[PDB]
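Report on the following structure.
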Amino acid sequence: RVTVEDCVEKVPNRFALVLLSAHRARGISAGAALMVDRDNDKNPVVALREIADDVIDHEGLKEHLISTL
Amino acid sequence: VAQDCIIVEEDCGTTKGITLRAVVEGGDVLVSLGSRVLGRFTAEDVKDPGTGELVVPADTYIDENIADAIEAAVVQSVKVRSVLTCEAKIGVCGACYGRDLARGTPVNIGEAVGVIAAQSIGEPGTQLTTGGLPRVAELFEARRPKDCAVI
Amino acid sequence: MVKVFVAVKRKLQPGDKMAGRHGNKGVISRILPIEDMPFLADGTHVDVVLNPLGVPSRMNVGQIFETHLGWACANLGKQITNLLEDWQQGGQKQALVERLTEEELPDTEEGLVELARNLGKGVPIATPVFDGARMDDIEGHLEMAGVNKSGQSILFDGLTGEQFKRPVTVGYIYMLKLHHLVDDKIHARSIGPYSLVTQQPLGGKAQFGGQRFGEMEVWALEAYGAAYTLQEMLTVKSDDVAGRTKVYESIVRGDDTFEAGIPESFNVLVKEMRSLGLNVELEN
Amino acid sequence: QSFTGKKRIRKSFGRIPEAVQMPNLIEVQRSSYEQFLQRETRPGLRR
Amino acid sequence: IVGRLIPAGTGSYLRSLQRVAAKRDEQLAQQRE
Amino acid sequence: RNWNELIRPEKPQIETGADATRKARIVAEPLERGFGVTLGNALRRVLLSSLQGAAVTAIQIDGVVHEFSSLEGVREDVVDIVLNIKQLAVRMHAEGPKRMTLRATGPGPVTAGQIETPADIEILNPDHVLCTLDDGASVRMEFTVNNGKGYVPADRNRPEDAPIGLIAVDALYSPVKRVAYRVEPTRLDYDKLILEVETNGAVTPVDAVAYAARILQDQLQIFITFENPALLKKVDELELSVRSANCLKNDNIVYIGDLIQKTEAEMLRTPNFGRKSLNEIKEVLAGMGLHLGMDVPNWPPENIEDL
Amino acid sequence: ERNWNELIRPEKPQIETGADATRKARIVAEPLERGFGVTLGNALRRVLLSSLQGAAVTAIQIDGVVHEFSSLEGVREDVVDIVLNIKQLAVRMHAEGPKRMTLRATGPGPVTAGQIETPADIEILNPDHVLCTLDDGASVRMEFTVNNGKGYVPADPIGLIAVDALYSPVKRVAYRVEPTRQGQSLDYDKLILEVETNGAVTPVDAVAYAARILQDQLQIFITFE
Amino acid sequence: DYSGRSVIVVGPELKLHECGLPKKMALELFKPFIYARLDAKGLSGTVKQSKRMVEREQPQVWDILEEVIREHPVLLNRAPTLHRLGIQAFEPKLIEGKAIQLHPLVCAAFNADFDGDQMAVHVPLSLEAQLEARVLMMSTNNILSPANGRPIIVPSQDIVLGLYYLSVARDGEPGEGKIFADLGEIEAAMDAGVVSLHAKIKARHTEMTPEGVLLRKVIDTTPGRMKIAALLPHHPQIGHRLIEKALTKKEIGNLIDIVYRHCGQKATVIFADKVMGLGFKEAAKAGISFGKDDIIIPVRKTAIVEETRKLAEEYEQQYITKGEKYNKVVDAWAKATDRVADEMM
Amino acid sequence: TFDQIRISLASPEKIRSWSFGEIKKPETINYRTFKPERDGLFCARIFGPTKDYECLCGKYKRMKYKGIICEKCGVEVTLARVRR
Amino acid sequence: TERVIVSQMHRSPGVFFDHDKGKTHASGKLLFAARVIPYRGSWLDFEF
Amino acid sequence: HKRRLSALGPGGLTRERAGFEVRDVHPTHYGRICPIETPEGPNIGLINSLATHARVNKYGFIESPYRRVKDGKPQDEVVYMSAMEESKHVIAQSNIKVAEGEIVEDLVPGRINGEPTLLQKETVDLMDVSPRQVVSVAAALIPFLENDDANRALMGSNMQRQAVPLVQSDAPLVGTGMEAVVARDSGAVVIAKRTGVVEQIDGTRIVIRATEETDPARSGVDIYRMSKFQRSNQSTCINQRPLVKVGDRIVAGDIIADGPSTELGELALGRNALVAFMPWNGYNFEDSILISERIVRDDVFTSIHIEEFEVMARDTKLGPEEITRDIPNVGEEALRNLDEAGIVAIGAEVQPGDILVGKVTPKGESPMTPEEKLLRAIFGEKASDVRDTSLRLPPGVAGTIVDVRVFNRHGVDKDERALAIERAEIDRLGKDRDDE
Ligand SMILES: [Mg+2]
Ligand SMILES: [Zn+2]
Ligand SMILES: [Zn+2]
């Protein structure tokens with residue numbers, strides 16, 4: 001229900017956005033979504049909508065998740 | 001053959017380029033110089049013929065405004081960076097490919113250029129024809145066309 | 001052994017392939033009610049609405065002349081069947097029947113009433129392949145039938161109730177029902193029997209076939225930036241047998257995640273190459 | 001024309017003679033197989 | 001053929017992230033000896 | 001807005017043609033110049049959409065087993081008769097299915113009028129032919145009449161609940177067949193509406209227009225605003241303890257109501273009345289949603305409450 | 001016989017999703033019969049754009065040629081602009097007859113609809129649409145002749161104007177059909193038309209008046225007692 | 001696996017990112033998703049038991065299928081996948097029948113007519129692959145061709161014809177010379193019949209050329225014009241001045257490029273969606289029916305052919321046969337073929 | 001995981017190390033009972049058992065142990081995947 | 001299931017004189033090959 | 001399909017070895033091979049058929065009829081001219097003005113040898129026999145030919161022999177006249193063999209008298225039994241309906257009852273409806289067709305199909321299979337419409353995924369998981385030793401049953417299965433014998 005125009009404007013890579021939204025959805029699966037309401041939306045769409053009004057430099061947690069074994 | 005071409009680097013630092021000219025048959029032009037040079041980063045700063053004015057910087061993205069500005073004032077061929085003149089590491093950099101064709105913005109890092117180029121070359125096939133599909137197949141293979149006088 | 005002769009009575013449904021007498025074809029679109037169709041004069045309404053843009057593209061014009069001749073003969077049949085409805089075996093009706101037909105038509109027997117029952121649905125017209133009716137012949141036929149000489153008739157709009165501000169062409173065209181049905185063409189599979197040596201889903205609509213992901217289709221995903229859709233669509237869906245059930249268990253449980261170690265086709269290829277003198281050993 | 005055209009008259013256009021009529025369309029296979037299997041008397045079957 | 005992530009787009013970004021994570025792990029292990 | 005415009009006069013000129021209530025037309029000269037295409041089209045689109053009629057929906061004869069069989073006396077197959085019985089207009093003016101009998105034999109033309117039915121189904125088209133028998137055996141055909149609207153497939157009402165040997169068939173409930181439409185400006189410009197409705201003997205032409213107008217008015221009216229089950233379970237369905245089951249069997253109890261009604265009087269008056277078990281049983285009863293009393297004394301004491 | 005009551009009928013036709021102002025509105029008729037959603041919408045659209053009591057202007061000011069003058073004294077735009085602006089003016093005449101209206105002002109300020117003295121007791125609902133910011137000019141003392149009329153009318157002494165105003169209170173309507181069903185039948189259409197009246201009458205009242213007009217004009221059936 | 005095949009049909013009511021999907025195919029492709037929904041919703045117990053609920057096709061399972069198929073994109077591709085545009089994801093919507101609905105504008109990208117062609121459907125299982133196809137492979141994002149910067153959502157046959165019929169202006173028409181302030185007045189006049197569809201008319205329209213607010217200067221264009229121009233977004237360098245052309249297929253294709261170049265992608269897709277309905281609504285109202293009188297032969301051809309036949313007779317009597325046969329056919333018939341062509345044109 | 005796939009000539013020692021047993025009789029299966037042969041192409045002793053956790057000759061078909069080897073039969077109990 | 005046999009069309013068992021149109025040769029010339037292709041037997045050729 | 005001339009097989013050029021010259025059309029195919037009926041697939045130009053008047057000589061060459069014409073006055077002795085022999089002759093096209101004794105134009109269009117050139121009336125020896133000589137039987141049915149493109153007409157020929165026979169079809173209003181000949185010539189309609197009158201038409205069998213001039217001591221009467229609904233070779237219904245009434249003396253060599261997709265002898269392929277070429281809200285945007293509900297309400301385009309499923313009862317090493325009436329662990333509701341022998345009764349409605357024939361096979365002992373064993377011990381049920389292998393209907397429309405046939409071995413025949421079937425068969429045989 002939301003275009004990828006603002007998402008590409010926030011992050012011009014167009015490839016890191018997919019991984020960022022996937023990590024945001026995996027985090028919103030349990031105890032999250034305190035920034036934007038659901039509004040009858042699923043996890044990926046709500047994550048993409050929240051990315052338009054959220055910090056884009058949140059890949060630190062994604063990098064630290066696979067930092068060690 | 002082009003499955004290994006992937007944009008890996010952003011900038012290469014290469015100053016070389018290839019001259020680009022418009023096609024002309026007699027007194028009419030087939031393709032405008034603005035449409036041919038559009039979408040590629042300028043190699044060197046182009047100078048306005050006659051008037052000593054720099055219309056385009058040394059290395060800048062040729063947008064539609066710069067495109068029709070160069071098309072308005074008459075100008076000869078301009079040196080433009082290309083993927084053939086790049087001297088980067090394994091792969092291709094985003095500073096020589098230029099503007100993407102699917103989207104208006106420049107090409108992103110990691111996009112496959114060889115596969116899309118092969119698909120675009122094979123798309124207009126099946127409607128061709130001394131030239132045509134066998135001629136293109138022979139030219140791409142670079143075989144012996146016929147007995148011709150050596151230079 | 002036992003044989004069951006099950007029979008099905010299929011009807012015309014959306015998605016069926018219906019082609020005309022000429023090269024024109026096309027899948028049948030959504031069927032509309034009788035009132036939504038264009039309301040022709042005298043209460044009649046059309047039954048099919050074809051696109052007229054196929055004439056300039058495909059150089060075929062016989063369908064238009066066929067439609068005009070069909071409209072003419074249908075009008076002739078409608079005008080002749082109404083003449084007999086007044087009084088059967090009328091002297092004036094036989095005169096019109098003999099005038100419209102080019103004479104072995106009149107018969108002394110009582111079978112003239114049976115001929116009118118068949119002619120009421122339109123008088124048949126037999127035109128040779130190379131000696132067909134010329135323009136003047138069809139023009140005179142349309143003029144005698146009572147339809148305007150131009151061939152087109154004014155048609156109203158049933159959906160809105162307004163008349164189009166242009167003449168439209170209407171007539172009777174011969175339509176066929178091709179064998180390419182939609183019920184036998186549709187097919188969907190989720191989990192079916194796998195191959196024997198390759199351990200992949202079988203092909204063909206016979207026993208739960210799977211749509212083959214062709215080599216050209218893999219290039220489309222490689223053109224896009226998609227790397228995870230093509231990675232799981234080739235290993236965890238058909239190739240991997242160990243991790244094939246893991247994704248199904250994760251889906252049925254509610255967690256979206258998958259793990260692919262190595263496809264079975266690569267293992268089969270490695271076992272094949274090892275059979276020859278070549279030594280294909282993995283490292284690291 | 002006998003019991004077929006009487007029930008339904010079909011007008012024909014064009015001006016072409018109808019002297020010769022086309023043979024049966026299935027005569028090819030039948031004539032080819034008849035030459036193989038004679039099915040005749042003993043003195044016959046010569047080909 | 002092997003059934004791994006293609007080194008293009010998403011695969012390239014994931015490989016770059018894995019490389020930077022390995023570099024960070026090596027830097028963390030250098031100080032710990 | 002309300003009786004202000006030049007409303008058409010009542011009693012429209014009904015052209016009583018020579019068709020016996022099968023082909024008539026209506027006219028209206030001052031009827032709202034400008035509304036000739038609105039009112040007429042609105043009345044025509046509804047006249048062919050919804051109109052309660054009647055038609056056969058189940059064929060069953062003795063000499064057939066399926067829709068692709070063949071009789072011994074008829075001239076055509078069984079499925080051919082299905083394409084002719086469906087085109088038989090009849091009205092029932094009453095709710096509920098019926099059963100029309102068809103038993104006859106003779107020269108072969110079996111007219112639709114020769115169908116012995118009760119005095120509730122007036123068959124139409126007495127000259128219609130169903131089958132043709134060559135002076136052979138008789139035929140026994142029983143029909144079924146209903147009332148729908150528009151169209152109904154053959155796999156929606158026929159195979160719902162029917163034994164083996166019932167020829168399924170679809171029916172079309174539409175009393176009208178074709179409707180015309182015209183508008184002519186009269187002499188003060190006003191349009192003259194002329195529509196010649198066509199219909200069979202099920203409903204008269206003048207009545208179909210009235211029904212369509214009433215349906216349209218009823219449709220347009222929407223816009224204008226004002227201008228405990230736990231007692232059914234047996235007593236031994238919880239398995240509290242062995243002694244509890246023993247005393248419940250000795251007491252001859254089948255329902256929990258008789259046990260919940262007696263709080264302490266009938267409890268202690270039983271042999272081996274468990275002091276610690278009487279509290280656990282009351283706790284497990286309260287946990288199920290029931291308590292002492294809180295209902296009529298032995299309300300569902302009959303077998304009507306059994307599930 | 002009871003055939004007009006067996007089919008499904010929407011019992012809650014009060015879905016007014018449009019709440020932008022008193023002019024816009026959007027009704028919903030989702031639980032409708034298949035086919036009626038188009039015919040009812042077409043009838044309502046053709047009736048709302050038809051003969052309905054309203055009010056026009058059909059008047060101009062003095063010291064100006066019909067469609068020939070351009071400016072009298074520092075006028076903002078051409079006379080056609082002022083004519084188009086005055087043509088789109090809401091008004092509801094209670095009495096009958098072609099009453100008169102006058103407008104006069106002064107000073108370099110924007111002209112207002114209210115400043116128009118209504119002697120015939122015909123007030124202006126939206127006195128802010130007319131935009132005249134003339135400065136240092138006596139472009140005032142205009143005369144208006146409001147006249148009652150139903151439906152659109154074509155362009156029909158010295159100083160008059162042949163301007164045709166919209167007597168209908170509504171301005172534009174557009175219906176639509178969208179079937180919304182799950183398991184019973186995917187054929188029940190839906191009517192989601194909207195109204196964009198000027199403000200003289202609310203869209204709900206306009207729809208009610210149209211329905212009443214249709215019910216009154218559909219009296220071509222037997223009484224049936 | 002997790003795929004299906006069926007014939008395709010055209011649907012004008014569907015959006016650009018929505019495609020019709022039969023209930024039979026959707027019920028089989030999304031079986032594990034339906035099982036997970038029944039497990040989480042609480043309407044079922046054991047997994048084996050759930051497998052039994054969908055087998056008998058209970059009426060309650062339809063509500064779970066509509067809830068699960070809300071934003072899950074499915075991949076659709078034709079058989080001869082020549083370019084990367086052949087594979088485009090859509091949002092499935094339940095619909096009756098057995099034919100996969102499609103959009104009229106998206107069919108041009110696949111390069112497949114609706115005569116007998118069939119398309120396959122795939123379902124991404126992983127969450128990352130599902131979310132990756134929404135922002136990377138959606139049909140709304142693939143609006144420009146990868147070979148060159150040319151829009152691929154141009155109207156093919158009917159929308160372009162309707163727009164051309166609306167763009168044509170004829171000097172002789174009723175109701176010419178009147179001034180209309182708003183398009184609603186034009187529509188009301190067209191309903192009454194006082195004004196024709198296209199005729200010389202001066203109306204008020206806003207352009208917003210200085211990137212601010214405009215006084216709505218009056219413009220003289222037909223009612224057909226400025227009706228489709230209203231769908232154009234508010235932005236400089238675009239407006240009613242661009243619709244003055246005849247709206248040729250090349251012109252309408254160039255129009256979609258400038259609107260996408262200047263404004264964003266959402267405006268382009270919304271304008272393409274709005275223009276599609278208007279073209280179909282206008283084409284279905286006019287008499288585009290092709291008849292026998294539509295095609296006419298030039299009266300001068302009957303004389304040109306006889307003159308050419310008379311001229312070619314003298315060349316045969318003169319004759320070298322090769323040279324005569326070569327010069328008589330490339331000069332008499334070649335010039336005569338072009339003469340009748342320009343005559344009929 | 002695995003990386004840097006290398007291919008080269010295979011020596012006889014490597015081939016002997018890869019193989020488990022040497023085939024000597026070209027007997028696929030028996031005609032009366034369809035079971036593997038002692039030295040045929042389809043041998044259970046060389047290519048593992050046919051059934052999952054069930055050795056031949058009905059001696060260790062309990063499927064509880066997987067490291068035992070049937071003495072009289074001569075094949076160990078292992079999954080059918082080991083036969084590939 | 002009834003199965004019909006379609007007729008076959010092949011080259012006539014006679015002598016032919018076919019010469020290539022200046023193809024498969026170093027310079028422009030004709031070969032003028034002759035064939036004695038029989039019905040059932042070894043084929044013969046006399047190519048130049 | 002019988003007038004087809006293939007180029008592949010044992011001794012023909014392979015599809016990959018065809019090339020470009022074999023697929024091309026040669027100017028000698030005029031009147032011998034119709035260059036309009038050819039598959040538009042990969043093997044194009046290799047499956048061409050013959051013409052309508054083309055024949056085959058005793059040697060194997062293709063023959064074409066050519067009406068011999070003398071100097072001016074055309075003769076009336078048509079002679080078949082071979083392809084190789086017609087090279088040394090002149091051919092004159094048809095449609096020549098024959099109002100007088102000879103052609104008066106003196107410039108009739110004719111082809112001397114291959115290329116057509118305007119020739120004189122002198123030494124014209126051969127004339128075209130008929131214009132419908134270079135077109136095949138399939139393309140001859142196309143009405144108003146010669147007005148469409150050559151390539152588009154090729155597609156119309158392939159769609160001609162692809163239409164399923166509809167129930168209650170009619171002849172086309174505009175027909176080329178060749179439909180009657182192709183209908184009466186093909187083996188799809190019955191034809192009377194004598195002149196005798198008909199006695200009675202019982203629908204499934206028509207009886208005819210001996211003759212009006214029958215021979216002495218000949219057969220009594222000619223009985224013709226019309227085939228009822230039976231599965232064809234392409235899974236489509238095939239039935240014949242009578243057309244004669246009581247009396248109605250028929251001449252020998254006349255069609256009596258029409259075949260599939262035929263009415264009154266004239267050939268038919270489908271029903272025809274009113275058409276209006278116009279765009280309707282974009283529903284017919286691409287190459288599609290829009291139809292109304294009136295075409296489905298009358299049931300004019302409905303057809304019939306037959307699947308004819310089968311099942312075997314082969315024995316096994318671990319015991320013999322059996323057609324058991326009740327399969328283990330099956331629901332009682334699913335056993336409805338099933339005879340005691342295990343076969344569904346004739347005329348029983350079946351749905352997709354139904355048990356048509358209940359067959360159980362002996363299954364060997366297999367190990368089970370401990371949890372399943374614990375559940376079985378908890379519920380007390382005993383695991384069956386047989387496996388469920390009953391036939392089930394694939395996904396589809398699930399039509400009704402028509403006929404069922406069972407075959408038994410020589411050891412046991414009608415012992416305890418299908419005894420009522422054999423009884424009904426022998427009763428019907430005796431009934432028809434007594435009637436005859
Ligand atoms: Mg196609
Ligand atoms: Zn570079
Ligand atoms: Zn053992």
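Each chain in the structure tokens gets a letter, A, B and so on, in the order shown; residues start at 1 in every chain, and ligands are counted from 1 in the order they appear.
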Self-check item: Interface residues on chain F facing chain C, 9 Å, only C-alpha atoms, written as a VMD selection string
Solution: chain F and resid 37 to 38 40 to 42 44 to 46 48 to 49 68 178 to 182 196 to 197
Could you write out that same residue set with C-alpha atoms as a PDB file, in the first residue's frame?
ATOM      1  CA  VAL F  37     -34.168   7.399 -21.616  1.00  0.00           C
ATOM      2  CA  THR F  38     -33.886   7.304 -17.807  1.00  0.00           C
ATOM      3  CA  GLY F  40     -37.604   3.669 -19.785  1.00  0.00           C
ATOM      4  CA  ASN F  41     -34.137   2.163 -19.447  1.00  0.00           C
ATOM      5  CA  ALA F  42     -34.586   1.735 -15.690  1.00  0.00           C
ATOM      6  CA  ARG F  44     -36.375  -2.255 -19.045  1.00  0.00           C
ATOM      7  CA  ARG F  45     -33.216  -3.306 -17.191  1.00  0.00           C
ATOM      8  CA  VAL F  46     -35.287  -4.448 -14.199  1.00  0.00           C
ATOM      9  CA  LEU F  48     -35.494  -8.675 -17.566  1.00  0.00           C
ATOM     10  CA  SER F  49     -33.419  -9.028 -14.373  1.00  0.00           C
ATOM     11  CA  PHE F  68     -27.331 -39.821 -21.629  1.00  0.00           C
ATOM     12  CA  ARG F 178     -38.013  -9.394 -25.270  1.00  0.00           C
ATOM     13  CA  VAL F 179     -38.708  -5.730 -24.531  1.00  0.00           C
ATOM     14  CA  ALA F 180     -38.662  -2.734 -26.870  1.00  0.00           C
ATOM     15  CA  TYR F 181     -37.841   0.916 -26.212  1.00  0.00           C
ATOM     16  CA  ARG F 182     -38.572   4.172 -28.047  1.00  0.00           C
ATOM     17  CA  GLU F 196     -43.975  -3.048 -26.361  1.00  0.00           C
ATOM     18  CA  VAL F 197     -43.204  -5.690 -23.742  1.00  0.00           C
TER      19      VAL F 197
END
Practice problem: Give the residues close to ligand 1, within 9 Å, counting only C-alpha atoms and all ligand atoms; write them as a PyMOL selection string. | Solution: (chain C and resi 26) or (chain H and resi 111-118) or (chain K and resi 287)
Self-check item: Exercise answer, 7 Å around ligand 2 with only C-alpha atoms and all ligand atoms, as a count of residues only
Solution: 13
Practice problem: Set the cut-off to 9 Å, count only C-alpha atoms and all ligand atoms, and list whatever residues fall near ligand 3 as a PyMOL selection string. | Solution: chain I and resi 54-61+69-77
What does the file look like for those residues with C-alpha atoms, as a PDB file, in the first residue's frame?
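Result went into result.pdb, see below:
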ATOM      1  CA  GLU I  54      16.354 -53.305   8.431  1.00  0.00           C
ATOM      2  CA  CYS I  55      19.015 -55.807   7.409  1.00  0.00           C
ATOM      3  CA  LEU I  56      18.316 -58.771   5.150  1.00  0.00           C
ATOM      4  CA  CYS I  57      17.398 -62.358   6.153  1.00  0.00           C
ATOM      5  CA  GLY I  58      15.162 -61.105   8.992  1.00  0.00           C
ATOM      6  CA  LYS I  59      17.699 -61.074  11.825  1.00  0.00           C
ATOM      7  CA  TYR I  60      18.218 -57.415  12.827  1.00  0.00           C
ATOM      8  CA  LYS I  61      15.000 -55.828  11.558  1.00  0.00           C
ATOM      9  CA  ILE I  69      26.469 -56.187  11.203  1.00  0.00           C
ATOM     10  CA  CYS I  70      24.537 -59.373  10.475  1.00  0.00           C
ATOM     11  CA  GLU I  71      26.917 -62.329  10.660  1.00  0.00           C
ATOM     12  CA  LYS I  72      24.987 -64.826   8.530  1.00  0.00           C
ATOM     13  CA  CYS I  73      23.768 -62.237   6.013  1.00  0.00           C
ATOM     14  CA  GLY I  74      26.778 -59.922   5.847  1.00  0.00           C
ATOM     15  CA  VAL I  75      25.301 -56.397   5.581  1.00  0.00           C
ATOM     16  CA  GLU I  76      25.021 -53.685   8.224  1.00  0.00           C
ATOM     17  CA  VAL I  77      21.819 -51.860   9.150  1.00  0.00           C
TER      18      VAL I  77
END
Self-check item: Atom pair CA of residue 361 in chain K / CA of residue 315 in chain K: separation (Å)
Solution: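 So the two atoms, CA of residue 361 in chain K and CA of residue 315 in chain K, lie 8.6 Å apart.
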Self-check item: Residues of chain D within 12 Å of chain C, only C-alpha atoms counted, as a list in words
Solution: residues 1, 2, 3, 4, 5, 6, 7, 8, 9, 10, 11, 12, 13, 14, 15, 16 and 17 of chain D
With N, CA, C and O atoms retained, could you export that selection as an mmCIF file, in the first residue's frame?
data_model
loop_
_atom_site.group_PDB
_atom_site.id
_atom_site.type_symbol
_atom_site.label_atom_id
_atom_site.label_comp_id
_atom_site.auth_asym_id
_atom_site.auth_seq_id
_atom_site.Cartn_x
_atom_site.Cartn_y
_atom_site.Cartn_z
ATOM 1 N N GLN D 1 -30.090 -33.667 -52.977
ATOM 2 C CA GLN D 1 -31.266 -33.171 -53.682
ATOM 3 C C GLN D 1 -32.485 -34.038 -53.391
ATOM 4 O O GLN D 1 -33.622 -33.570 -53.454
ATOM 5 N N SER D 2 -32.242 -35.307 -53.070
ATOM 6 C CA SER D 2 -33.302 -36.260 -52.759
ATOM 7 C C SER D 2 -33.327 -36.480 -51.251
ATOM 8 O O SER D 2 -32.418 -37.103 -50.693
ATOM 9 N N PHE D 3 -34.363 -35.957 -50.595
ATOM 10 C CA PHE D 3 -34.605 -36.053 -49.159
ATOM 11 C C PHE D 3 -33.675 -35.168 -48.337
ATOM 12 O O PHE D 3 -33.823 -35.114 -47.110
ATOM 13 N N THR D 4 -32.727 -34.473 -48.961
ATOM 14 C CA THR D 4 -31.809 -33.587 -48.258
ATOM 15 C C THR D 4 -32.050 -32.120 -48.576
ATOM 16 O O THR D 4 -32.245 -31.312 -47.664
ATOM 17 N N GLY D 5 -32.042 -31.752 -49.861
ATOM 18 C CA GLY D 5 -32.312 -30.378 -50.239
ATOM 19 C C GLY D 5 -33.777 -30.007 -50.248
ATOM 20 O O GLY D 5 -34.103 -28.817 -50.206
ATOM 21 N N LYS D 6 -34.668 -30.999 -50.301
ATOM 22 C CA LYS D 6 -36.098 -30.708 -50.298
ATOM 23 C C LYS D 6 -36.540 -30.122 -48.965
ATOM 24 O O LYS D 6 -37.385 -29.220 -48.926
ATOM 25 N N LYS D 7 -35.980 -30.619 -47.859
ATOM 26 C CA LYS D 7 -36.354 -30.101 -46.547
ATOM 27 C C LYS D 7 -35.769 -28.718 -46.299
ATOM 28 O O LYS D 7 -36.350 -27.927 -45.549
ATOM 29 N N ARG D 8 -34.629 -28.408 -46.914
ATOM 30 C CA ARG D 8 -33.987 -27.108 -46.732
ATOM 31 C C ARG D 8 -33.330 -26.717 -48.047
ATOM 32 O O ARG D 8 -32.359 -27.353 -48.468
ATOM 33 N N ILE D 9 -33.855 -25.680 -48.689
ATOM 34 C CA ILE D 9 -33.326 -25.199 -49.959
ATOM 35 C C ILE D 9 -32.194 -24.221 -49.682
ATOM 36 O O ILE D 9 -32.343 -23.296 -48.874
ATOM 37 N N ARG D 10 -31.063 -24.420 -50.353
ATOM 38 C CA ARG D 10 -29.878 -23.586 -50.180
ATOM 39 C C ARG D 10 -29.553 -22.927 -51.513
ATOM 40 O O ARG D 10 -29.138 -23.603 -52.461
ATOM 41 N N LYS D 11 -29.739 -21.611 -51.586
ATOM 42 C CA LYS D 11 -29.438 -20.883 -52.809
ATOM 43 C C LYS D 11 -27.933 -20.833 -53.041
ATOM 44 O O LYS D 11 -27.146 -20.748 -52.096
ATOM 45 N N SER D 12 -27.537 -20.885 -54.310
ATOM 46 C CA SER D 12 -26.135 -20.888 -54.697
ATOM 47 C C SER D 12 -25.851 -19.721 -55.631
ATOM 48 O O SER D 12 -26.673 -19.384 -56.489
ATOM 49 N N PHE D 13 -24.684 -19.108 -55.457
ATOM 50 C CA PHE D 13 -24.244 -18.003 -56.291
ATOM 51 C C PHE D 13 -23.213 -18.496 -57.304
ATOM 52 O O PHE D 13 -22.902 -19.686 -57.391
ATOM 53 N N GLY D 14 -22.675 -17.560 -58.081
ATOM 54 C CA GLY D 14 -21.660 -17.887 -59.062
ATOM 55 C C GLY D 14 -22.207 -18.593 -60.285
ATOM 56 O O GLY D 14 -23.320 -19.127 -60.257
ATOM 57 N N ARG D 15 -21.429 -18.603 -61.368
ATOM 58 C CA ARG D 15 -21.815 -19.242 -62.626
ATOM 59 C C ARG D 15 -20.666 -20.148 -63.057
ATOM 60 O O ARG D 15 -19.776 -19.727 -63.803
ATOM 61 N N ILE D 16 -20.685 -21.391 -62.586
ATOM 62 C CA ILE D 16 -19.644 -22.360 -62.917
ATOM 63 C C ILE D 16 -20.298 -23.682 -63.303
ATOM 64 O O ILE D 16 -21.259 -24.112 -62.651
ATOM 65 N N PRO D 17 -19.824 -24.348 -64.352
ATOM 66 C CA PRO D 17 -20.418 -25.633 -64.735
ATOM 67 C C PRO D 17 -20.140 -26.709 -63.698
ATOM 68 O O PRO D 17 -19.148 -26.662 -62.966
#
